[PDB]
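These notes are about the structure you will find just below.
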Amino acid sequence: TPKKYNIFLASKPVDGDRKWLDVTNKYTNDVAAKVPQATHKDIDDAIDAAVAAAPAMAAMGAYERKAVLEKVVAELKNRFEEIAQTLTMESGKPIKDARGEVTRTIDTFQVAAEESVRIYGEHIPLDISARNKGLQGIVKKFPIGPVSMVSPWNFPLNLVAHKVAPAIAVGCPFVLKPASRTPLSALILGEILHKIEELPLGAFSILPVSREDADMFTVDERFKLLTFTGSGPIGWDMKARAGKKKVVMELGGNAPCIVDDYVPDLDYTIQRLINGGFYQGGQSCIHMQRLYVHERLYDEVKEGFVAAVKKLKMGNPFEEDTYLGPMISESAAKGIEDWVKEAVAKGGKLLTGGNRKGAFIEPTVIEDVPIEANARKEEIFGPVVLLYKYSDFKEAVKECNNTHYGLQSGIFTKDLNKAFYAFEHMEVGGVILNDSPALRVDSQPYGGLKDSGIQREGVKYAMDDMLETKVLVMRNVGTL
Amino acid sequence: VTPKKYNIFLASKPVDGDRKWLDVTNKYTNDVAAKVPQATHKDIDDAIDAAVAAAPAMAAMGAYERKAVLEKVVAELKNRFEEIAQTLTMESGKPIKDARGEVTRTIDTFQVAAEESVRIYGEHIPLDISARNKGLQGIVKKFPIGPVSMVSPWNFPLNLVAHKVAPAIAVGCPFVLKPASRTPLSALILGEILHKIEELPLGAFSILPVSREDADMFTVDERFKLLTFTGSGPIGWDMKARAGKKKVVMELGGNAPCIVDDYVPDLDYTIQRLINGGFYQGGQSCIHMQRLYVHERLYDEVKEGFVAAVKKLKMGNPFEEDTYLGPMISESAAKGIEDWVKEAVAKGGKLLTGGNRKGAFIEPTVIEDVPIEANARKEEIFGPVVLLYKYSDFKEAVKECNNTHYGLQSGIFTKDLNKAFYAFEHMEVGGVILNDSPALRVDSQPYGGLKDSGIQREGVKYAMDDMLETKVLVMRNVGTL
Amino acid sequence: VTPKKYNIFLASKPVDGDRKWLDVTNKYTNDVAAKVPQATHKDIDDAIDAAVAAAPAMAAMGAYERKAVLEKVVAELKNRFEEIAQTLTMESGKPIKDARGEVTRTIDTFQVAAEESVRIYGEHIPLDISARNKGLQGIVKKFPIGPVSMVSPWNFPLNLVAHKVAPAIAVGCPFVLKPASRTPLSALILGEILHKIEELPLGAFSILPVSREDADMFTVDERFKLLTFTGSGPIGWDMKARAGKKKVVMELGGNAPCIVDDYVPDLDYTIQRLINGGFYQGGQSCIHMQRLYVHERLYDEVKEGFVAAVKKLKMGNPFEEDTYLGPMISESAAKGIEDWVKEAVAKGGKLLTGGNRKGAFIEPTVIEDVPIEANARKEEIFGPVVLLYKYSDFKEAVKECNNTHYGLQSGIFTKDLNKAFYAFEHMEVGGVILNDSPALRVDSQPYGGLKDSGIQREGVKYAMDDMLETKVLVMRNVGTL
Amino acid sequence: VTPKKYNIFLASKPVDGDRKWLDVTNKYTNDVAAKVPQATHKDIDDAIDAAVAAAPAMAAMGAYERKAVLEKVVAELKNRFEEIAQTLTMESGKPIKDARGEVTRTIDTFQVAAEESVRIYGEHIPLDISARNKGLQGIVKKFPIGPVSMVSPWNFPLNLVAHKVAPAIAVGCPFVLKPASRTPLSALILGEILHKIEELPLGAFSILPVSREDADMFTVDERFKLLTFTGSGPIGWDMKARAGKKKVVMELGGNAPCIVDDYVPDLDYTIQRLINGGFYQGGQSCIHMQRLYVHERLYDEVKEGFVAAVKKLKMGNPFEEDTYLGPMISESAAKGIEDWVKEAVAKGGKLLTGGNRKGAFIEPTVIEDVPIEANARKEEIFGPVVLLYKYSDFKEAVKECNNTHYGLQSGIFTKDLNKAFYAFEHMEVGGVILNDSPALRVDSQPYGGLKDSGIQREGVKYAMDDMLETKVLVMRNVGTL
């Protein structure tokens, strides 16, 4: 029997005679939930409520914003296993990874609670020259206003938290469009937020939306900021059609990793490479897709990495010992299977995996895949790693940069100069030193260059995009 | 009489050749004072390719090298001060006093940039915020965004160029600048100066006045990483929409209000400040004080003194030392202002002074009780026109200040501590001027707007932020042997 | 009425043994409520050796571990709230309402510290400021100073301990705390809390009530890297003189003035805040409002309302919920205040209300026109006494506020924007309280003074600065292969 | 032949009169090259009174006025460059190449100060951190500490004066400078420059060479708010102990080590930097590389190359362009170094080169395996002496670097990422130099030490911090109408 859910319109749970949206268990394929789909009239009402709630949201005391965020943390801790279970069910990610995501969501909301009481301003001297005599300024940050949020399916909770927590920390009302394949996590946040008294009426709406209405989140003039996490072609098109609003984009990647040493040893290096290459089954924007190993270490790394790939448990994501769960859909798995077959046909040497079983794709390692192949050129978003050998470090860095993406990169080195050369020359938002590129701390500036997006997430950085600078220029203030 | 032939700058080099000429007129006499080569499509393509090719050398410059470039600009500006001011008055029509004020502010802009070039600080951040993150730390550092497309206006041909060029050099970003076709000489003088600086890599800069048929390259070209525009709102918003993947910075118009709730420190100084605001570059300013709200108790005294001071303002030859008000940029600009004045009056506005046109000249104008229906009240006038209104409630005056689709700057005259900070909190602008008109700008302050006034901030260190990209080095157990 | 036997903390462990007992009395009844072991010279020597030995493990803690310690303190303070508040009234004599307010502020102090422990940011600095410095960059990071010597007061036995202990744990500094001998129980409650926290290394803390013959170790011992003292000025200044090589932080007395130039927002709220400041913890506060300057136009109205409100203040048993004013710390403290009141009156002061003593109790007192010659005006009274004065000129009132050898905090009630910022600019203090009495303190604000009021600032992030040392890694051509 | 008579600066004015003459000798020839008037007790009293009286005008200067003063100093230093460099070599005995390097660094110091003078940022802080603190916000602003006492050294007569004088002017602090009696001309040259600057208020500065009988006023006078000293540790620590209530900043000696674990980028560059460190100002530097720890695998190659490079160093007339090593400050200084070399060799040290004295000259010396028992190893030599040691374990080398009572700076040569950050974490110093000797200092970096090396940091923006006092304006419901 599918569980019937409510959606959130102007802080209130709504159902009515709205069309039902089926949410399936990504392992069994059974309809596990029925979710109301918002109408055009609902989206219009939600945006009007966000505009109407903006003054009350801006008038909240810093401690009130903190109170809201601290109540979210308490509720997430309380409902931990319930949330982790729902997360595995709608996303198909192993229960261990789902627990890791809830843990990181608690961290995100906690970082936001602490940041909400730390929005510092500046007192600036403005008498920089004789003409400017008797001038001083107070620079203060103010909420941008109503925020349009469009979240993904790969991290249905954490990637929602990275938008929702900064908005509340700043005092911005918001309208969130969760991914239609995974809206349950966002709706649990809606259930939590709905019960928080400090939060003004109309401050939030959480609405799964039809394809014919989805465009309102991009074009509506009442929103002051569009913040999107998802597909690059969709994101870039949204940026082009957004109108006057500010745009924040967290898009795909094709993350490389350089192995120039074993740090601290081979066992730990293999372990971090396995973690990166099969991070959420590769269904991550920072999944380690490309692996560059120095020729002197190549055979040892290839052997150990492939042997460890072969040991990974693929199956029921509800099982505690399951490392690799199914892909989001059978079509996603079919797409990955095609790109593996294509990579092999274009000259790639399959070392392990490459076979499909419904929505499951075996953890795959392909050696010497050319740039011509889609597996090398484009984001795979599956459990596939492309292995390459190098002789020159500067050339390895150049090859790491040989992509239209630019999210994160990884580097294993004991060399001081190699580490800082990589930091200087890698065309990414984050360089991971002595871990794979799939590492992210929820307080770090996270984002990319090139096709990977614009701006940074990470609580205090996302808060910056939701804030507007205002200066009070004071002429001879304090003169009697 | 004989127009001076200028060179344009292609990949750091002065060019002329078999190129079409652009006429630059003296805005007072209407004589062709200068002839400027117009860049071809191939020139713009070559300029952008050179900017891409110069990006690594720009990024590899030492902070002291970027400082030396900026300090050499300051030295050259000081050296050629009067020559630059005279060229500025000639191509823009702004009085010589205002043109000298602009050269002074440009020196300040380049000087603030020189000091900021050696102060691009990074952060050392702890990343072990929770047990799962044990042994993690980060180094957050800022890097140049890459090639920048610059599109500058005609109202401040030098300082509004400086506010884009100086941050780009301070950061180490190569650039291709499209100066306004009506006023490109100021930008070409900077080009002459930059061309002689050895520290600046080859291809680091291009200053190309371009025809309408090629102007779109500055918007759509994928090789540029940032588009920074100052000018007309409808043009700007359209450029933002068609820019593609690049980041966009916009400095657009305004409909700046001012509240007079007290005389600070006295009536004479208030009137004087209200005159500077209302007739800031003949109103041809994005922060020109267009709307004036005076408290009912002060109204008759302010109206009388302000109108009497407007009547004393010298309008004429901008080369004359005592000229306060020069001509508008064109006769069509003046005709447009004249129409909006006539329309404001027809819709119920009471003309207090001025309103008449003489070619490109518009008399300093004050109109009382102009309704929202009139274009003079709804839209940016960009002329020497001030709309006077009376208020009885302060909260209502703040609400009326906010009653616009613009949000650049606002002014407030008050002796009241709470009124001052209420205005700072509730005025929907980028900058609240306390005890001065909204026309005040310090070249180091964060400058920009909300609503249709634009996106992001200029002011050297703030413009540098938009030309920088954040990168974090996440370090796992670094320092463990 | 059996006294409760307490343990002291030596190298993180509860100790008792055959140590001399110190009596801790209930400041209302005068009964011995607690018996506390007094540390020997060998105990202090062992405590300091353990702090030196624990310094590397303290410095090696993850930021999240220091956070966990502080968060566990917050949880325990919340859990034992009423028990702690009751112990506080008992040993200090402050009303239970004020004791509960102190426990709340202590939870705030420890909470701010927990959040600050994960926010110790460093700097990435360019060092190529000139040609000679080519290829240089730096990483500036902050490190724990090392073992800290803490000497805490009796007026805030818990919160003024928290303002030293919480920053030390947030940074990762081991410490040896000497609590006030009249009020050590609050510090020993923190000790039993810390003793149960596993994350905190062995020897990280010691809390030792000491004899007069050994008290000097906290000043002179070379093993301590920082001395942080809150208390009496003559004692503090003498400790600074004899401290040796270590850094010194001093939070000393005050003679806090307040200017009433307007009623903000109204008279009722102004009187309420003036009563709060003037009788803050019975005046036993380093920010107690001792001097009140009222404008001549407001004088009679303020005097009448303030004196009428003083007359309504409930003085008695501090355990009673409706008690506003409790007894002084000792009968000699009350006798001292009584003498200074009699002396102020003898030298020309006009007693408006109070001035009488009943054992350790002093009636809330208001004295008008007390000359500078009198001790009540010249020195810190540390009692429920307010000296009322009239002024005609605001600049003169600010000058009179500054006419003291103290300089902790000052208050100002004004609706005038310029008066507020004139006071901020010219008041010779660490904190200017705008539209509240000088007795206001937020546990995150920079708190401290000028002149005889001390050196440096407390307030979590500011106190953390004094417990940190700057280290730069100067890097030559790092990243060159 | 005839000594040049100089003026001293009393309350901004050049004074001479009937004052006693202080002889300043040419440190190479020993001839009296200059005669300076020595200030009397009354002069010092007048200077301090003028500094107190000038403090309000100093604090009221616009940021641009403080900048103009500093920019005028930079212009004058550039103008008188060779004259200043020659005067420096003459009074200090340092080679002309090093004296020119010092004048360059002084221009950098004053230039960094000019830029910092217009960047004294304050904070806007939310204070509503909890419900009890509702409606509270703060403005944190920094104010000049007041009159400063400056006591400068003889090893850098100009730059180490600049590192006190430039921050004081950048902040707006009046000062009284006691230059070293052996080298006061550099300080007096600054006084001449400063005396002609109109922007600087009357009484803002005094540069007074003072007799031993009057020198104590700089330590004990209550009118000074800060004592900043650079010199001998035992003198400095004694000044800190007797300073009274004022804040104290100390830049004292060192015993700087260097670890050679790799050649970075090569052996030739490594030797060159080691030579620079070991013989930096003839070792008469607080950051002179006194101890060299080389890995056993590199030892014989480093020893051979370093000793061969030492043998090539030109010692002689400091006015000669090719002179690397000049004489010591006095013959007694050289005799002291000679004794410690003889003592080191008697206690088991193996002399590899030098060790001989010729008047005030000490040959560049390298001694192998000197024990901790010897004064050369335990104490600051402050001469051209390097102690060479071999190590097998890196962690042990870091521990041996820390095996000193000083802690100013350390150096490390490494290609290892973890070794570099282990050294940054565990070296007990204020600065770790990576892939250069410890003798490296950028005039903008935080410079200072731990242990006996002093308290606080110099480096313009850091020294400015010590000359500033924090003030918070706590605002209750400001902006509520």
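Per chain, numbering begins at 1; letters A, B, ... match sequence-line order.
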Region of [X] that comes under 4.5 Å of a non-hydrogen atom in chain A:
X: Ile139(B); answer: both
X: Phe421(B); answer: side chain
X: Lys141(B); answer: both
X: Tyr269(B); answer: side chain
X: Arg242(B); answer: neither
X: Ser130(B); answer: side chain
X: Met427(B); answer: backbone
X: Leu136(B); answer: side chain
X: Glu425(B); answer: both
X: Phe424(B); answer: both

*So, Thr108(A) and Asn158(A): side-chain donor and acceptor under 3.5 Å apart, yes or no?*
yes

*Using 4.0 Å as the upper bound for N to carboxylate O, is an ion pair formed by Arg457(B) and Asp466(B)?*
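No salt bridge links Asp466(B) with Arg457(B).
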
*asked:* Between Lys461(B) and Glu115(B) (salt bridge meaning N to carboxylate O under 4.0 Å), is one present in this structure?
replied: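 Salt bridge: no.
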
*Residues of residues 472-480 of chain A under 4.5 Å from chain B (heavy atom pairs)?*
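Listed by number, the contacting residues are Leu472(A), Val473(A), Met474(A), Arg475(A), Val477(A).
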
_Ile411(A) versus chain B, the contacting section by heavy-atom distance below 4.5 Å_ =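 Neither part.
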
_What I'd like to find out is whether the side chain of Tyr421(A) reaches to under 4.5 Å of the side chain of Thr413(A), using heavy atoms alone._
no

_Closest non-hydrogen atom pair between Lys133(A) and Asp127(A), with its separation_ =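 Heavy atoms only, the tightest pair is CA-CB, 4.1 Å.
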
_Pairs of heavy atoms under 4.5 Å with chain A: top-ranked of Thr470(B), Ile433(B), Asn435(B), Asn133(B)_ = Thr470(B)

*Any idea which of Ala423(B), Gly431(B), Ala420(B) has the most non-hydrogen atom pairs under 4.5 angstrom with chain A?*
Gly431(B)

*Using a cut-off of under 4.5 Å for heavy-atom pairs, which of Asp442(A), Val111(A), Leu439(A), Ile124(A) has the most such pairs with chain B?*
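Among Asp442(A), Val111(A), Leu439(A), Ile124(A), the one with the most close pairs to chain B is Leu439(A).
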
*asked:* Just so I understand: if I count every heavy-atom pair under 4.5 Å between each of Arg440(A), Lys239(A), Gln110(A) and chain B, which residue has the most?
replied: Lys239(A)

*asked:* Tell me every residue that passes side chain to side chain donor-acceptor pair (under 3.5 Å) with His124(B), counting only those two or more places apart in sequence or in another chain.
replied: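 For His124(B), the residues satisfying side chain to side chain donor-acceptor pair (under 3.5 Å) (neighbours in sequence not counted) are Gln137(B).
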
_Run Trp237(B) and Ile455(B) through side chain to side chain contact (heavy atoms under 4.5 Å, CB included) and show every step you take._
CA-CA 10 Å; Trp237(B) 295 120; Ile455(B) 55 152; 4.0 Å; yes

